[PDB]
Amino acid sequence: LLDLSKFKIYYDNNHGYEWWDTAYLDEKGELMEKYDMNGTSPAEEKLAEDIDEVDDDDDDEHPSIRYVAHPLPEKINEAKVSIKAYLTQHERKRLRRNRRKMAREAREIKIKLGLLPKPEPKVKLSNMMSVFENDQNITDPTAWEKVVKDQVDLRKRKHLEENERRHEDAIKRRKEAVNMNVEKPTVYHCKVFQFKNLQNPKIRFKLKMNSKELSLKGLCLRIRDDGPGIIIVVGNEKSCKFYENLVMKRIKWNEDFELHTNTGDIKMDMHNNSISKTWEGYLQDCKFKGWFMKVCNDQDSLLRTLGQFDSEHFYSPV
Amino acid sequence: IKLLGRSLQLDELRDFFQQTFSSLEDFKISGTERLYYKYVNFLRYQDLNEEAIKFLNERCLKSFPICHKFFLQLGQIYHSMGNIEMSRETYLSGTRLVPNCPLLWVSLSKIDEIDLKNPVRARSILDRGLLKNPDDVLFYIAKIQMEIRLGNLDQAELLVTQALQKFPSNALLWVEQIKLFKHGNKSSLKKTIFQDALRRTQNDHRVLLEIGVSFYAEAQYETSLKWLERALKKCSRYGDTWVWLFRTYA
Amino acid sequence: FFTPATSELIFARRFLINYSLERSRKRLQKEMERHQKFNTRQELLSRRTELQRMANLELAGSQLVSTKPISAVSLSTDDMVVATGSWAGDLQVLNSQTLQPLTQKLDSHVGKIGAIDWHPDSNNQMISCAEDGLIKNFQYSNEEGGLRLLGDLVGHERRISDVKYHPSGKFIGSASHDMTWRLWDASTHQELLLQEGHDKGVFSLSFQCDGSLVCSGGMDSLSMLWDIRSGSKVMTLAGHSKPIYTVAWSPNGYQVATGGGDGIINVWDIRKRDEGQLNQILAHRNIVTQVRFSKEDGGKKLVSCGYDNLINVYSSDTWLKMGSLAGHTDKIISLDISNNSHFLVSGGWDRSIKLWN
Amino acid sequence: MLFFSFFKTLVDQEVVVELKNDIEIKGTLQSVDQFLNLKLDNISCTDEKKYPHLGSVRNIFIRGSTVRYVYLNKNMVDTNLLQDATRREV
Amino acid sequence: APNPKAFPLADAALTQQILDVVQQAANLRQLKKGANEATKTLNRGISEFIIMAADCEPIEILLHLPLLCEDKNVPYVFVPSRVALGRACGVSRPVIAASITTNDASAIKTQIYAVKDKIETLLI
Amino acid sequence: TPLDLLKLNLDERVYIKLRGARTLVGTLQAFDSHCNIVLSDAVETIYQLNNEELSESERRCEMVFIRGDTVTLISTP
Amino acid sequence: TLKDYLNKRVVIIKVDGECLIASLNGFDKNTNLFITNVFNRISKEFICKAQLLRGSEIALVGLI
């Protein structure tokens with residue numbers, strides 16, 4: 001039976017009357033006939049509602065031939081991106097000068113109509129020898145040195161501490177911030193690629209992790225593991241670009257690699273394998289809920305999978 | 001071979017070549033080997049008799065080398081003895097076999113434009129060549145040259161600009177641009193352009209030479225001489241510069 | 001909603017309906033006949049052959065034209081000469097197969113040429129638009145010289161994108177960066193329509209070859225199929241995301257095909273009342289500039305050029321990249337196909353016209 | 001056949017497997033069969049006390065009945081496809 | 001409302017992007033502001049892409065630049081706001097024309113290229 | 001029929017009880033003829049009586065496969 | 001499958017508790033292991049020269 005099946009398949013191969021490598025052409029007649037019947041007019045859906053009717057010199061009544069329409073022009077909801085107004089160098093300087101000045105003034109007041117802190121003398125190892133406000137400066141030489149060096153360290157340490165604090169707070173913000181930002185995406189750039197092979201782990205890993213990083217809605221489908229396959233990547237433009245770069249410049253799909261298994265570590269020489277960008281467009285809506293890498297046993301299956309997002313077309317048989 | 005040529009001893013040269021040939025049979029998978037020698041042999045043959053080459057080309061080039069230079073040589077030979085269509089065919093074949101060689105494409109273009117008077121075909125060919133390999137600036141340069149050769153100068157300029165955008169450093173493009181400028185459409189934005197070229201090409205040997213030539217054309221001769229000297233300093237091994245210098249001196 | 005009227009339109013509208021209807025009926029009959037006499041094998045084979053031919057087209061002749069780039073390339077009805085508008089405001093014409101000029105006409109338009117169309121009555125009185133902001137009919141003579149203009153037609157305010165001739169020959173539709181698309185009276189050179197149906201300009205038109213339906217492709221991505229007779233629409237904007245820079249029908253009224261800025265050519269309007277796309281096609285990496293078909297005269301074959309430096313061809317049943325056409329060096333802004341044969345003439349930013357054979 | 005298929009689809013996967021008798025082992029899944037057995041390559045440590053008394057055992061064969069879970073992450077497993085499959089079946 | 005002849009006008013996001021690019025170029029000295037400077041750039045060939053102001057009144061004083069670009073095959077937009085453009089450039093005074101110039105070794109080459117591509121897309 | 005009935009609460013939160021006093025809460029993403037379950041966004045709660053006093057042990061796992069031998073009850077919380 | 005495990009020493013752990021080092025010489029579809037040269041893992045106690053281990057008992061098997 002198996003042999004028979006094989007034979008049949010072979011027969012089909014040589015000359016297919018319709019085959020799904022390239023989606024079938026042939027137009028069915030029965031359907032057309034049915035459509036015609038439905039129409040009942042010898043014309044089409046568009047014209048059918050003039051329905052064999054004639055008034056005066058051919059005219060109609062159900063849809064009027066007198067009036068000119070001026071229908072409602074649907075205004076698209078444009079996303080108000082409040083503009084990054086920039087500053088001149090001079091402007092920036094002025095801003096810096098004034099805020100800082102104000103701060104200084106405050107400090108002065110909050111230390112002269114205030115005495116809320118005190119201002120000490122900023123020693124260093126070059127001052128050291130010349131400061132006398134703090135005592136012991138020759139009296140206790142090494143004590144003095146310790147004090148001054150210590151002070152310096154504190155200053156430096158304080159600076160470093162401040163930096164650390166900043167780092168911490170930024171980190172704290174960022175996690176929260178990402179979570180907060182569930183902004184409504186207006187338009188999605190997409191790029192769909194296809195590759196002859198990817199029996200390498202590394203490439204697959206790259207595809208995964210990068211996608212995860214970049215909120216990259218999409219997938220990577222393929223046939224029979226070793227066989228050819230497609231990537232569809234979608235998101236913000238920059239991310240897409242990055243992905244493309246990774247695909248084309250960073251990765252070498254013509255590299256020789258190793259497969260690690262229980263039986264033995266298999267060398268895979270693939271000079272034949274290559275990669276091409278098919279599409280690089282803008283999709284009206286991104287129906288890809290995440291990045292759903294897959295494999296399929298067959299082409300039909302792959303097609304079906306693709307059409308789970310109501311979009312087969314991304315694939316290109318060659 | 002060179003020595004022989006200098007001396008001029010035809011039969012002797014032939015004998016030498018024959019001797020070399022016998023030895024040659026051991027040299028399988030040798031670097032810059034027969035491919036070089038065979039070209040030289042062809043040239044020698046051409047220096048006297050044309051047809052006799054062709055058989056060798058048919059035989060030897062086909063087997064081991066499969067190299068563009070041979071095709072070019074063949075084309076040249078054909079040109080020398082008329083047979084234009086045949087030459088064109090040969091060129092086409094070469095292109096089909098080796099897409100990645102601008103020279104062949106250029107030759108084809110020339111044949112299209114100069115020999116028969118249909119530039120459009122030549123242009124098309126050039127375009128095709130360019131498409132086949134956008135790695136090389138050479139194709140672009142060739143195209144520019146072709147454009148220059150015919151009346152159309154704006155187009156040429158545009159092409160040059162495009163080339164620059166794609167590969168800014170390539171001295172030949174700069175040279176072409178300079179040449180275009182020298183035509184005297186602007187006769188201005190000239191010095192600035194030259195400066196720009198110099199900057200981009202890090203005072204490229206050839207750019208300097210081109211500048212000198214332009215100045216020569218304009219007939220400001222001391223300046224031209226200076227430019228030529230500069231070019232020489234940058235790299236004396238290059239030729240046309242010397243010629244230009246000589247001309248200036250004259 | 002907001003419905004006044006005019007008398008000229010009324011006079012014409014009835015005629016349009018009659019003409020459209022009869023022709024439509026004929027087309028339907030033809031279609032019926034086709035299904036009745038076709039077979040799985042031979043037709044399929046023929047199609048395959050055609051596809052192969054399309055694929056193995058290569059760039060025959062690239063003839064330069066103009067200072068600025070070549071907005072429009074339009075092959076005559078006769079299919080003998082091609083007309084090539086450049087951005088300068090000049091519309092040279094070339095004997096297609098050799099591709100050598102007849103004349104130049106800079107003093108025609110001052111602005112950027114839009115589209116050129118040829119008149120479908122073989123009597124060659126081509127129309128052309130511009131950003132200039134006026135269309136011009138040109139009685140073309142092979143012998144006399146080149147072109148003589150017949151009439152100018154000031155209707156739009158802003159710059160025009162595209163004119164077409166309604167397959168009758170009695171009307172010329174023109175769409176512009178103004179909000180409207182406007183159908184003209186071929187004889188008297190006076191307007192009738194003005195569909196204020198888009199929030200931004202109508203960037204492209206396309207009549208259906210039966211003569212019933214005109215798709216106005218807008219800069220909004222609102223492709224509106226207007227029954228001209230009715231002033232009533234059977235639309236989907238749900239095709240495109242960026243602007244619809246072109247639209248064109250499979251001559252078999254069966255299909256509309258809108259080419260986009262998004263690049264995705266959307267081919268829709270079908271017997272299917274649900275109006276779903278048999279497919280969307282991924283046309284060009286950058287944007288799509290022109291979309292064409294060619295079943296007048298031969299078989300139906302989608303062909304499009306883009307701002308990607310590639311023309312390409314699609315099977316009108318499958319919708320697939322049947323073959324890329326490397327040939328241009330730079331952007332390709334327009335294109336036409338030889339009615340009878342395999343012989344594309346396309347132009348653009350390379351500032352040349354180019355043939356494919 | 002759904003579940004088997006799913007298992008197969010997870011070929012070459014570092015996954016933790018908790019058994020009935022307090023044995024938690026990590027490993028790279030290789031072979032999958034009708035009764036849902038797991039052969040794991042490169043056995044690594046998960047916990048200190050629960051992980052059994054092994055060391056040089058780099059390849060194992062887990063009996064399908066004795067597994068409690070097969071501890072996947074949220075980036076290592078199918079879901080609504082499985083649901084669809086279930087729906088299709090009776 | 002913006003001028004019809006100022007074409008192609010950008011869109012909002014696109015405009016923003018372009019201004020960002022301009023700013024970057026300004027910091028890196030890879031930009032030139034001003035109609036005349038834009039013209040100069042065009043003449044040279046150094047112009048990667050030209051940015052004009054739609055809200056230039058009287059618009060005419062730009063509307064050679066587009067022509068020049070067309071004849072040199074440099075992409076170009078108008079943005080809407082000349083004030084904004086000026087600010088981007090780094091000039092309090094309101095500016096109409098700027099040119100992001102060419103330089104292979106820019107950090108911002110890639111970014112610039114993106115913007116150029118976008119501009120080209122607009123043109124038709 | 002019972003299997004069919006469980007097709008309603010797919011892709012929503014569920015409450016699953018196993019043998020050995022192991023409460024599993026997540027969202028139902030899979031089942032079949034033998035009732036093998038795959039939970040996403042899950043969290044395990046292990047009741048374990050030791051030293052004559054009650055003590056729960058929480059194992060947090062963002063996904064988990066469950067074999068049908070262990071399963072007792074499926075419901076919603 | 002236990003076809004790679006035949007003619008090789010293997011570490012086999014049961015459901016109840018014990019762990020056995022021995023040479024696997026036969027398997028079937030029900031996981032009944034035919035074993036030779038039997039030994040215990042922890043105790044190092046020689047049970048016998050040959051035995052059969054029922055598939056219900058096998059919790060884990062390991063190649064070594």
# chains A, B, ... in the order shown; residues from 1 in each chain; ligands from 1
call {"tool": "select_by_dssp", "arguments": {"residues": "chain D", "states": "helix (DSSP H, G or I)", "output": "PyMOL selection string"}}
result
chain D and resi 2-9+80-88
call {"tool": "closest_atom_pairs", "arguments": {"of": "chain A", "to": "chain C", "cutoff": "8 Å", "atoms": "only C-alpha atoms", "output": "Markdown table"}}
result
| residue | atom | partner | partner_atom | distance |
| --- | --- | --- | --- | --- |
| A:17 | CA | C:41 | CA | 6.0 |
| A:18 | CA | C:40 | CA | 7.8 |
| A:22 | CA | C:318 | CA | 7.5 |
| A:23 | CA | C:318 | CA | 5.8 |
| A:24 | CA | C:318 | CA | 6.7 |
| A:25 | CA | C:317 | CA | 5.3 |
| A:26 | CA | C:40 | CA | 6.6 |
| A:27 | CA | C:35 | CA | 7.4 |
| A:28 | CA | C:35 | CA | 7.2 |
| A:29 | CA | C:35 | CA | 5.1 |
| A:32 | CA | C:32 | CA | 7.6 |
| A:33 | CA | C:32 | CA | 7.6 |
| A:35 | CA | C:271 | CA | 7.3 |
| A:42 | CA | C:25 | CA | 5.2 |
| A:43 | CA | C:25 | CA | 4.8 |
| A:44 | CA | C:24 | CA | 7.6 |
| A:45 | CA | C:271 | CA | 7.4 |
| A:46 | CA | C:227 | CA | 7.6 |
| A:47 | CA | C:21 | CA | 7.2 |
| A:57 | CA | C:14 | CA | 6.9 |
| A:58 | CA | C:14 | CA | 6.1 |
| A:59 | CA | C:14 | CA | 5.6 |
| A:63 | CA | C:230 | CA | 6.3 |
| A:64 | CA | C:230 | CA | 6.3 |
| A:65 | CA | C:230 | CA | 5.8 |
| A:66 | CA | C:5 | CA | 5.9 |
| A:67 | CA | C:5 | CA | 4.7 |
| A:68 | CA | C:5 | CA | 5.4 |
| A:69 | CA | C:3 | CA | 5.1 |
| A:70 | CA | C:2 | CA | 5.6 |
| A:71 | CA | C:197 | CA | 5.9 |
| A:72 | CA | C:197 | CA | 6.7 |
| A:73 | CA | C:198 | CA | 5.1 |
| A:74 | CA | C:199 | CA | 6.5 |
| A:75 | CA | C:199 | CA | 5.8 |
| A:187 | CA | C:241 | CA | 7.8 |
| A:278 | CA | C:285 | CA | 7.5 |
| A:279 | CA | C:285 | CA | 5.4 |
| A:280 | CA | C:285 | CA | 4.9 |
| A:281 | CA | C:262 | CA | 5.5 |
| A:282 | CA | C:262 | CA | 4.9 |
| A:283 | CA | C:241 | CA | 6.6 |
| A:284 | CA | C:241 | CA | 4.9 |
| A:313 | CA | C:281 | CA | 6.3 |
| A:314 | CA | C:282 | CA | 7.1 |
| A:316 | CA | C:320 | CA | 7.2 |
call {"tool": "write_last_selection", "arguments": {"atoms": "N, CA and C atoms", "output": "short mmCIF file (atom, residue, chain, number, x, y, z; two decimals), in the first residue's frame"}}
result
data_model
loop_
_atom_site.label_atom_id
_atom_site.label_comp_id
_atom_site.auth_asym_id
_atom_site.auth_seq_id
_atom_site.Cartn_x
_atom_site.Cartn_y
_atom_site.Cartn_z
N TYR A 17 -1.98 18.50 -12.11
CA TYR A 17 -3.10 19.24 -12.71
C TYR A 17 -3.54 20.38 -11.79
N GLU A 18 -3.25 20.24 -10.50
CA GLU A 18 -3.20 21.37 -9.57
C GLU A 18 -2.37 20.94 -8.36
N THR A 22 2.95 26.02 -5.63
CA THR A 22 2.44 27.33 -6.02
C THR A 22 0.92 27.22 -6.01
N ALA A 23 0.26 27.91 -5.08
CA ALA A 23 -1.21 27.84 -4.91
C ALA A 23 -1.96 27.79 -6.25
N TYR A 24 -2.95 26.90 -6.36
CA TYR A 24 -3.60 26.57 -7.64
C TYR A 24 -4.18 27.79 -8.36
N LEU A 25 -4.14 27.75 -9.69
CA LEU A 25 -4.71 28.81 -10.53
C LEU A 25 -6.19 28.54 -10.78
N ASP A 26 -6.46 27.47 -11.54
CA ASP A 26 -7.76 27.17 -12.18
C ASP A 26 -9.04 27.73 -11.53
N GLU A 27 -9.83 28.45 -12.34
CA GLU A 27 -11.10 29.02 -11.90
C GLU A 27 -12.21 28.01 -12.10
N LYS A 28 -12.94 27.70 -11.02
CA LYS A 28 -14.09 26.79 -11.09
C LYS A 28 -15.29 27.47 -11.75
N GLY A 29 -16.06 26.68 -12.49
CA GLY A 29 -17.15 27.17 -13.29
C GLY A 29 -18.45 27.14 -12.53
N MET A 32 -19.05 30.15 -10.42
CA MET A 32 -19.33 31.28 -11.31
C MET A 32 -20.79 31.26 -11.74
N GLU A 33 -21.24 30.07 -12.12
CA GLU A 33 -22.62 29.85 -12.56
C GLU A 33 -23.59 30.25 -11.46
N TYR A 35 -23.06 32.23 -8.96
CA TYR A 35 -22.96 33.69 -8.79
C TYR A 35 -23.88 34.39 -9.79
N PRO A 42 -27.77 40.05 -16.20
CA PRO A 42 -26.55 39.66 -16.91
C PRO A 42 -25.32 40.47 -16.48
N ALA A 43 -25.52 41.58 -15.76
CA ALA A 43 -24.42 42.36 -15.19
C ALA A 43 -24.02 41.82 -13.80
N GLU A 44 -23.35 42.64 -12.99
CA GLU A 44 -22.71 42.19 -11.74
C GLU A 44 -23.23 42.98 -10.54
N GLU A 45 -23.15 42.37 -9.35
CA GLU A 45 -23.47 42.99 -8.03
C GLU A 45 -23.57 44.52 -8.00
N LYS A 46 -22.57 45.17 -8.58
CA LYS A 46 -22.50 46.62 -8.65
C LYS A 46 -23.69 47.17 -9.42
N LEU A 47 -23.90 46.59 -10.60
CA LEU A 47 -24.93 47.02 -11.54
C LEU A 47 -26.31 46.39 -11.26
N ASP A 57 -34.77 58.20 -20.85
CA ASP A 57 -33.68 57.75 -21.72
C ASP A 57 -32.76 56.86 -20.90
N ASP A 58 -33.24 55.65 -20.61
CA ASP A 58 -32.50 54.59 -19.89
C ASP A 58 -32.46 54.69 -18.35
N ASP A 59 -32.91 55.81 -17.77
CA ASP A 59 -32.66 56.18 -16.34
C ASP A 59 -33.26 55.23 -15.26
N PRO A 63 -31.72 53.63 -7.10
CA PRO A 63 -30.62 54.58 -6.92
C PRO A 63 -30.76 55.73 -7.92
N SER A 64 -30.86 56.96 -7.41
CA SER A 64 -31.17 58.12 -8.25
C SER A 64 -29.99 58.57 -9.14
N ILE A 65 -30.32 59.08 -10.33
CA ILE A 65 -29.35 59.61 -11.29
C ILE A 65 -29.36 61.15 -11.29
N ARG A 66 -30.14 61.76 -10.40
CA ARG A 66 -30.20 63.22 -10.28
C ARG A 66 -29.07 63.75 -9.38
N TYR A 67 -28.99 63.23 -8.16
CA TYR A 67 -28.16 63.82 -7.10
C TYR A 67 -26.66 63.48 -7.16
N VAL A 68 -25.85 64.39 -6.60
CA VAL A 68 -24.40 64.23 -6.44
C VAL A 68 -24.10 64.12 -4.94
N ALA A 69 -23.49 63.02 -4.52
CA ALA A 69 -23.20 62.80 -3.09
C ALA A 69 -21.97 63.59 -2.60
N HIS A 70 -21.95 63.89 -1.30
CA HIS A 70 -20.79 64.50 -0.63
C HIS A 70 -20.64 63.87 0.76
N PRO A 71 -20.27 62.57 0.81
CA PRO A 71 -20.35 61.81 2.06
C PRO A 71 -19.34 62.25 3.11
N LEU A 72 -19.49 61.70 4.31
CA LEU A 72 -18.73 62.16 5.48
C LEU A 72 -17.27 61.70 5.40
N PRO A 73 -16.33 62.66 5.26
CA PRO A 73 -14.91 62.29 5.20
C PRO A 73 -14.38 61.90 6.58
N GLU A 74 -14.11 60.60 6.76
CA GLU A 74 -13.72 60.07 8.07
C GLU A 74 -12.30 60.51 8.45
N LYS A 75 -12.23 61.41 9.44
CA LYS A 75 -10.96 61.96 9.93
C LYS A 75 -10.29 60.95 10.85
N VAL A 187 1.13 52.39 14.43
CA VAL A 187 1.56 51.70 13.21
C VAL A 187 2.76 50.81 13.53
N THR A 278 12.56 39.30 2.56
CA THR A 278 11.51 39.29 1.57
C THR A 278 10.83 40.65 1.63
N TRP A 279 10.23 40.94 2.78
CA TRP A 279 9.40 42.13 2.97
C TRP A 279 10.06 43.11 3.91
N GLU A 280 9.60 44.36 3.89
CA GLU A 280 10.09 45.34 4.84
C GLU A 280 9.07 46.45 5.03
N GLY A 281 7.82 46.07 5.32
CA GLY A 281 6.66 46.98 5.17
C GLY A 281 6.00 47.51 6.43
N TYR A 282 4.79 48.04 6.26
CA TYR A 282 3.97 48.53 7.36
C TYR A 282 2.63 47.81 7.33
N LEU A 283 2.31 47.13 8.43
CA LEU A 283 1.11 46.32 8.50
C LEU A 283 0.02 47.08 9.24
N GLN A 284 -1.18 47.05 8.66
CA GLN A 284 -2.33 47.83 9.14
C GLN A 284 -2.65 47.56 10.60
N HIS A 313 0.01 35.28 3.07
CA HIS A 313 0.89 35.93 2.11
C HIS A 313 2.36 36.10 2.45
N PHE A 314 2.70 36.31 3.72
CA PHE A 314 4.11 36.52 4.08
C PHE A 314 5.06 35.48 3.46
N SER A 316 6.73 33.03 0.69
CA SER A 316 6.96 33.10 -0.74
C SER A 316 7.59 31.79 -1.21
#
call {"tool": "interface_residues", "arguments": {"of": "chain F", "to": "chain D", "cutoff": "9 Å", "atoms": "only C-alpha atoms", "output": "list in words"}}
result
residues 1, 3, 4, 7, 10, 11, 28, 29, 30, 31, 32, 33, 36, 38, 39, 40, 41, 61, 62, 63, 64, 65, 66, 67, 69 and 70 of chain F
call {"tool": "atom_distance", "arguments": {"atom1": "CA of residue 102 (chain C)", "atom2": "CA of residue 81 (chain C)"}}
result
9.5 Å
call {"tool": "select_by_dssp", "arguments": {"residues": "region 27-194 of chain A", "states": "strand (DSSP E or B)", "output": "list in words"}}
result
residues 55, 59, 67, 188, 189, 190, 191, 192, 193 and 194 of chain A
call {"tool": "residues_around", "arguments": {"residues": "residue 349 (chain C)", "least_positions_apart": "5", "cutoff": "8 Å", "atoms": "only C-alpha atoms", "output": "ChimeraX atom specification"}}
result
/C:68-70,330-333 /E:73
call {"tool": "write_last_selection", "arguments": {"atoms": "N, CA, C and O atoms", "output": "CSV table (one decimal), in the first residue's frame"}}
result
chain,number,residue,atom,x,y,z
C,68,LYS,N,15.2,65.9,-14.9
C,68,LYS,CA,14.6,65.5,-13.6
C,68,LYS,C,14.0,64.1,-13.8
C,68,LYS,O,14.2,63.6,-14.9
C,69,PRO,N,13.4,63.5,-12.8
C,69,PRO,CA,13.0,62.1,-13.0
C,69,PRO,C,11.7,61.9,-13.7
C,69,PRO,O,10.9,62.9,-13.8
C,70,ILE,N,11.4,60.7,-14.2
C,70,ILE,CA,10.3,60.4,-15.1
C,70,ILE,C,9.1,59.9,-14.4
C,70,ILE,O,8.9,58.7,-14.3
C,330,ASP,N,18.1,53.1,-9.9
C,330,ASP,CA,17.5,53.9,-8.8
C,330,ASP,C,16.0,53.6,-8.7
C,330,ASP,O,15.5,52.5,-9.0
C,331,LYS,N,15.2,54.6,-8.2
C,331,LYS,CA,13.8,54.4,-8.0
C,331,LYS,C,13.0,54.3,-9.3
C,331,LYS,O,13.5,54.9,-10.3
C,332,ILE,N,11.9,53.6,-9.3
C,332,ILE,CA,11.1,53.4,-10.5
C,332,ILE,C,9.7,54.0,-10.1
C,332,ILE,O,9.0,53.5,-9.3
C,333,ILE,N,9.3,55.1,-10.8
C,333,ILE,CA,8.1,55.8,-10.4
C,333,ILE,C,6.9,55.4,-11.3
C,333,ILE,O,5.8,55.6,-11.0
E,73,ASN,N,18.8,65.0,-7.2
E,73,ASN,CA,18.4,63.8,-6.6
E,73,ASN,C,18.9,63.7,-5.1
E,73,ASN,O,19.6,62.7,-4.7
call {"tool": "closest_residue", "arguments": {"among": "D:58, D:53, D:8, D:63", "to": "residue 56 (chain G)", "atoms": "only C-alpha atoms"}}
result
D:63
call {"tool": "interface_residues", "arguments": {"of": "chain G", "to": "chain D", "cutoff": "7 Å", "atoms": "only C-alpha atoms", "output": "count of residues only"}}
result
8
call {"tool": "closest_residue", "arguments": {"among": "B:182, B:121, B:88, B:2", "to": "chain C", "atoms": "only C-alpha atoms"}}
result
B:121
call {"tool": "closest_residue", "arguments": {"among": "A:238, A:267, A:208, A:80", "to": "chain D", "atoms": "only C-alpha atoms"}}
result
A:208
call {"tool": "interface_residues", "arguments": {"of": "chain G", "to": "chain A", "cutoff": "12 Å", "atoms": "only C-alpha atoms", "output": "JSON, numbers by chain"}}
result
{"G": [3, 4, 5, 63]}
call {"tool": "atom_distance", "arguments": {"atom1": "CA of residue 109 (chain A)", "atom2": "CA of residue 121 (chain A)"}}
result
18.9 Å
call {"tool": "residues_around", "arguments": {"residues": "residue 81 (chain E)", "least_positions_apart": "2", "cutoff": "6 Å", "atoms": "only C-alpha atoms", "output": "ChimeraX atom specification"}}
result
/E:55,83-84
call {"tool": "interface_residues", "arguments": {"of": "chain C", "to": "chain B", "cutoff": "6 Å", "atoms": "only C-alpha atoms", "output": "VMD selection string"}}
result
chain C and resid 61 to 63 327
call {"tool": "interface_residues", "arguments": {"of": "chain E", "to": "chain C", "cutoff": "7 Å", "atoms": "only C-alpha atoms", "output": "PyMOL selection string"}}
result
chain E and resi 4+70-71+121+124
call {"tool": "write_last_selection", "arguments": {"atoms": "N, CA and C atoms", "output": "mmCIF file, in the first residue's frame"}}
result
data_model
loop_
_atom_site.group_PDB
_atom_site.id
_atom_site.type_symbol
_atom_site.label_atom_id
_atom_site.label_comp_id
_atom_site.auth_asym_id
_atom_site.auth_seq_id
_atom_site.Cartn_x
_atom_site.Cartn_y
_atom_site.Cartn_z
ATOM 1 N N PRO E 4 0.079 74.643 0.465
ATOM 2 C CA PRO E 4 0.015 73.520 -0.484
ATOM 3 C C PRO E 4 1.305 73.258 -1.257
ATOM 4 N N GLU E 70 15.452 68.093 -6.729
ATOM 5 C CA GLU E 70 14.903 67.260 -7.806
ATOM 6 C C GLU E 70 15.944 67.064 -8.898
ATOM 7 N N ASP E 71 16.574 68.174 -9.266
ATOM 8 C CA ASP E 71 17.618 68.197 -10.293
ATOM 9 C C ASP E 71 18.950 67.618 -9.767
ATOM 10 N N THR E 121 10.480 58.031 0.699
ATOM 11 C CA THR E 121 9.181 57.364 0.736
ATOM 12 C C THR E 121 8.047 58.379 0.468
ATOM 13 N N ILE E 124 7.351 60.331 -4.057
ATOM 14 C CA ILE E 124 6.552 59.885 -5.209
ATOM 15 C C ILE E 124 6.841 60.730 -6.459
#
